[PDB]
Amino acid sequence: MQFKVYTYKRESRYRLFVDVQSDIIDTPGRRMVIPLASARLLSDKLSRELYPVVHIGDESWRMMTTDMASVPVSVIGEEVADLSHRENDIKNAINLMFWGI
């Protein structure tokens, strides 16, 4: 579901992802997602506009916009958070990546 955050069932580079696909775009068996990285050991120079900072589990995470990819529903684990309150920053980051605006 768009803007919900899930854990991966299989080992991946990151441990959470946010679903960014529209809820009226049907791709059977898959969803387009963006991984979230723990902010703790990342560069302080990472653009906040392209890589928004969000809060889950009492810590900070960066949305790894440029590591967007689709996953099969078989890898979609437990839902751990909802980022719909950060739609503006998420939309801005995605649009920046393609359109530089």
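For every residue, the number given is its place in the sequence shown, counted from 1.
The mean C-alpha temperature factor is higher for 45-53 when 59-67 and 45-53 are set side by side. In this entry, the residue among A81, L16, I90, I24 with the greatest C-alpha B factor is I24. In the deposited entry, the Cα temperature factor of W99 places it in the highest third of its chain's modelled residues.
Sort the chain's modelled residues by C-alpha temperature factor and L36 lands in the lowest third, per the entry.
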